[PDB]
Each structure stands twice: as structure tokens, then as C-alpha cells.
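Worksheet: the structure to be examined is printed underneath.
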Protein chains: 2
Amino acid sequence: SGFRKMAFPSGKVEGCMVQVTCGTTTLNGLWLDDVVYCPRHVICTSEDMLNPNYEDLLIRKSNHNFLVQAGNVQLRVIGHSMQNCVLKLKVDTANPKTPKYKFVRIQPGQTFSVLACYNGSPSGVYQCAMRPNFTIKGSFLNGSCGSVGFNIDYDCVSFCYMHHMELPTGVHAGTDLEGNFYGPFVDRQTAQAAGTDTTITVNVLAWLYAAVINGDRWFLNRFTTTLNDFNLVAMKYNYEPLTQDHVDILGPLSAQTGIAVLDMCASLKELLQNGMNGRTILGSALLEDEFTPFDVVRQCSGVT
Amino acid sequence: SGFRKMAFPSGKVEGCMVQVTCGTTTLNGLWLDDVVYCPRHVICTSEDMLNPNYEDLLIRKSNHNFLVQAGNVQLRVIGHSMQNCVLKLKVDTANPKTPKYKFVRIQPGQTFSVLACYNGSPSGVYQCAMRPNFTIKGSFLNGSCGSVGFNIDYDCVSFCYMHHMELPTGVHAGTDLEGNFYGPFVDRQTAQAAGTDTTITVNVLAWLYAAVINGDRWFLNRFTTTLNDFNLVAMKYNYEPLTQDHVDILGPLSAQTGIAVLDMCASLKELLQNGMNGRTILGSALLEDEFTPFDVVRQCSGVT
């Protein structure tokens with residue numbers, strides 16, 4: 001029993017982190033096979049970041065200008081290319097600790113673990129969600145760029161995120177491992193405002209199911225609702241519309257608890273309309289939306 | 001910027017987890033040097049757990065009755081002893097992945113990372129605090145016993161916790177790595193009620209400092225207080241008494257933010273008396289007490 005904001009074990013990703021230095025800029029790289037992936041803004045002076053022309057900046061860089069250190073051993077850079085907003089540094093040594101891996105582009109509402117790194121060294125691991133506005137709410141200081149987000153499926157690391165930017169509002173923007181930003185963000189120090197940070201309704205419902213499974217039941221009510229009725233209330237509270245796809249995804253939690261998804265929707269409707277009245281659910285005074293239905297099943301069943 | 005409930009990177013501890021089986025009971029062990037540490041209740045049938053005589057139960061066990069598997073390779077058990085509530089299984093092979101390590105007994109209010117494991121396989125990592133009543137609020141299913149709690153200081157793992165028990169209230173009890181329970185708990189399936197789960201005041205204050213550092217300032221007020229005045233309010237709200245030792249420990253956060261500890265105490269006093277009025281602090285609607293002053297400094301400075 002008990003339900004915790006749980007990250008994937010980070011060892012497999014720890015073995016992939018390196019330091020990348022170009023001129024005076026140091027950040028993190030991801031070493032898989034004989035390629036090191038890092039944010040292309042490694043080539044920028046903070047001055048460059050105001051209006052960088054990356055293709056022009058990159059012309060002035062050679063293989064020997066990219067200093068790649070794995071622990072306290074230097075890797076030899078034999079090639080470099082830009083793919084979207086990431087640099088791929090070809091090295092002469094395959095990472096001997098390369099796990100089975102994939103690159104995946106996640107959807108908003110999907111959760112992942114971040115291994116926060118500085119100078120290629122892991123400092124910590126925490127669980128995130130891709131927000132509906134394609135930001136994440138991370139913990140990233142200067143030097144943390146190139147820190148990665150991931151999921152693990154048994155022995156296969158799916159990399160979904162590389163850290164690039166903090167917006168002036170202190171929220172975070174990055175890319176997939178093909179270097180494509182999540183959302184409309186660019187690797188330039190300019191005005192970039194995030195859109196509405198809506199609540200991930202399907203994740204809230206998953207977490208309410210987690211609460212019931214774990215003995216927190218005070219919020220279960222005598223009501224039901226419809227998708228359309230619930231959605232009128234979701235809209236008012238800046239919750240994402242709930243779709244039949246979401247209801248289908250919650251089916252196994254519905255089944256396990258014997259609470260129909262639309263009944264749990266009606267419980268969530270009353271919580272939105274009435275608030276918590278100073279009560280808590282799984283040690284939270286707000287409705288948690290950074291657990292997916294898959295997360296709740298995994299944690300409640302003990303998948304390794 | 002941003003402040004997250006962050007666990008230590010778990011790789012060093014992942015390399016230490018093994019499976020221990022005795023008869024039909026399987027749980028986790030910690031492999032350091034040529035010793036595997038596991039809960040002594042590995043020798044119990046669920047029947048035994050009602051009133052176990054561990055010395056008597058252990059007489060019927062030989063080295064070959066303890067099956068220890070590290071990945072899918074069996075370790076040869078050449079000795080076994082009971083120390084308090086843990087078994088030490090001597091194996092013929094030193095763990096080649098043994099990190100630098102210490103065994104530490106933590107105080108209530110101290111935080112640590114848990115690597116939740118099943119069948120010697122890591123499922124997840126999360127951050128805990130030793131509660132003032134010497135419980136932890138974990139996420140542990142059947143098979144999770146022998147999962148460990150730890151802190152990392154650069155390259156040295158300090159092991160502070162081994163998981164043993166869930167109380168009927170769904171909170172968790174375990175030992176240090178010398179096998180001494182935290183608090184008054186015993187490895188017996190009997191009535192064991194936890195005492196008052198008080199709030200770790202010094203950790204709340206640390207987290208309020210983290211909030212200010214991260215731009216969340218709405219709760220800073222025009223007031224100050226005294227330790228004695230604050231403590232009258234702490235008592236009423238089941239907060240731990242604040243001591244001059246706590247004020248001294250908060251000194252670096254006081255210094256960095258320029259907010260006197262007793263001024264932050266007066267902000268916390270108003271939050272207790274007035275509540276949050278539907279506002280949040282670092283994405284929480286309650287006062288977070290599972291960050292130590294050391295945690296806040298580490299995260300806010302980016303220690304690896």
C-alpha cells in the first residue's frame with residue numbers, strides 16, 4: 001500500500017551521461033552507441049542566444065572544438081552534425097554501457113523521469129509530465145541542459161526529452177532526441193509565453209482510482225455523469241476534455257475497483273465544484289495530474 | 001529554477017539488489033562486499049509472522065536454504081547470521097559493483113531515497129522522510145521487503161533504511177542496516193499503532209525558503225515572532241518544536257534570501273492560522289515537510 005510520485009530507476013541513463021564543452025559553454029550530452037546527443041545551443045555565447053544563426057555559428061566549429069568527457073576520460077570526436085535543435089557528435093568509442101533504447105516523441109499528459117545532471121554528473125531523478133501547453137515543470141539550474149527525460153519498459157530506455165530552455169515564467173522547454181521542440185518553443189533567448197496549463201483530466205481520474213485502491217475513499221459520492229456533462233465542468237475548470245479513448249484507457253482501473261469511469265467523473269465533478277474542504281487525497285490537497293493510468297497500474301501491481 | 005521532490009540517482013544501489021528466497025518467501029537483499037543483508041522475516045511462513053521465534057526458526061535453516069540470485073546468476077551462501085532484525089548471508093563472491101558505502105541510522109525529519117524492488121529488480125525510486133513517529137509513508141507491495149533507503153554524498157552511499165513491515169494503517173516500518181527498527185515496531189503481524197505524525201517544522205521552513213528562491217513569495221508577511229511564540233502555535237498544529245539548532249541549520253538559507261528565520265517562522269505562523277486560501281506554494285496546497293535544509297541547498301545549488 002501507499003502511492004508515491006515514483007521515477008524510473010536511473011542507473012541505465014546514468015551510464016549514458018557525458019559532459020560536452022564548446023568554448024566556454026559546458027552542458028550534458030547523451031552517449032548511445034558512438035553518438036553523443038546534446039543541445040545545439042552548446043555552440044552559443046549567452047550573447048549568441050539573443051538571435052543565434054546556428055548554421056552560421058556551426059561553420060566556425062570543428063570536431064576538436066567539441067570536448068566530450070565521460071567520467072574523467074576524454075572521447076575523441078570524429079564527426080558532428082546538426083539535426084533540428086540537437087547536435088550529434090560521432091565519437092570513436094561506442095558507449096559500453098549503452099542500454100537497449102528507443103527515441104520516442106510523447107504526447108501531452110504523458111509522464112517520464114528526468115535525470116537532472118550538471119557537468120555530465122547525475123544530481124537527482126524526478127517524475128514529470130509533458131504539460132498540455134508542451135512545457136514541463138522541472139528543476140533545472142544553469143549547466144542542466146542536455147539532461148534527458150525517459151521511460152523504461154523492462155530493459156529498454158525510451159528517451160522522450162532533452163532539456164534546452166527555461167522560459168521567463170520559470171517553466172521548461174526541450175526537444176525529443178531528434179531535436180524537435182515540444183510545442184512552439186525555439187532555442188533563442190526571446191519572449192516565449194506558454195499557453196494555458198490545463199489539468200490532465202485522465203491522469204487525475206487515474207490518481208483518484210489509485211486513492212481508492214490505497215484506502216482514500218472519502219470523495220466517492222452517490223452521483224454519476226455523462227462525458228458531455230462532465231466536459232462542460234472540465235472546460236470551466238481548465239481541465240482537458242475527456243474522450244472515449246480516455247474512458248477506455250481507464251477500463252482496467254474501473255474493473256479492479258468496480259467504480260464505473262463516469263461515476264469517478266461525477267466524484268471529480270463534485271471535487272471541482274466543492275473543493276477538498278481542507279481534506280487530502282493520497283497526502284495531496286490538490287488533484288494530482290502527473291500519474292498516467294499506465295503509471296497507476298504499474299505502481300499498484302509492482303512492475304519491474 | 002523549479003523545485004521538485006528529487007531522489008538520488010539510484011544506479012549505485014541498483015547494482016546491489018539481489019533476490020533472497022527461503023522456502024516459499026521471496027524478498028530483496030542488499031549485496032555489499034561478500035555479504036547479503038535482508039529482513040530476517042524471510043525465514044517466516046505468513047503463519048510464523050503472527051508470533052515468530054526467530055532464533056528457533058533460524059535453527060532449522062542452513063546456508064543452502066537461502067537462495068540468493070543476482071540477475072539470473074545464483075550466489076553461493078557460505079555463512080549466515082542474524083543481527084537484530086536483519087540476516088547477513090555471507091556469499092563466496094564480493095559484489096563487483098559494491099560502491100563506497102556506510103551504514104547510518106538517521107533521525108526523524110531526515111529524508112532519503114527508496115529504491116522500490118521486487119524479486120531483486122528495481123521498479124522505482126522516490127524520496128521519503130523518517131516521520132517523527134518513526135514510520136515512513138512509502139509505496140511498498142508484497143515482495144518489496146528488503147528494498148533500501150539511502151543518501152549519496154558524491155560517491156559514498158549511506159544506507160539508512162531496509163523495508164520490513166506495513167502497519168494496518170498502510171504506513172511503513174523498517175530498520176537500519178544493523179537490523180534495529182526505527183521506532184518501537186517489531187517484525188511481528190500484531191497490533192502496532194503509530195503515534196502522532198507531527199509536521200517536520202524545520203523542513204517546512206526550508207521549503208518556504210526554496211519557494212522564495214524560486215519566485216513563490218505571496219506568503220511573505222510584515223511580521224516576525226520568537227521561538228517561544230512560534231512554538232505555542234507549532235504545538236497547537238502538531239508541528240515539531242523549533243529549536244535554536246534548527247534556526248542555525250537554516251542560517252545559509254536565511255543568508256541567501258535575506259529573510260531572518262524568525263520572520264519566515266511568522267510567515268509560517270500566519271499560514272497555519274489562515275490556511276492557503278486556495279493558493280499554492282511550489283505547486284502544493286499543503287506545507288511540504290519532506291525537504292531538509294540540506295536538500296533545499298543541494299537542489300538550489302545543483303550538487304552532483
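Counting starts with 1 at the first residue shown.
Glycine is no exception: its Cβ is also placed from the backbone N, Cα and C atoms.
In Swiss-Prot, the annotation ubiquitin cross-link falls on B:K90, out of B:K90, B:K236, B:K269.
Cβ environment of B:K5 (ubiquitin cross-link): B:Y126, B:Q127, B:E288, B:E290, B:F291 lie under 8 Å away, each six or more residues apart in the same chain. Taking the recorded positions B:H41, B:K90 in turn, the residue surrounded by the fewest other Cβ atoms inside 10 Å of its Cβ turns out to be B:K90. Residues from the set of recorded positions B:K5, B:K90, B:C145 situated with their C-beta under 8 Å of a chain A C-beta: B:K5.
Mapped onto three states, the DSSP output places B:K90 (ubiquitin cross-link) in strand. Listed in sequence order, B:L27, B:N28, B:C38, B:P39, B:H41, B:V42, B:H163, B:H164, B:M165 are the same-chain residues six or more apart from B:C145 (active site, nucleophile) with CB atoms under 8 A from its CB.
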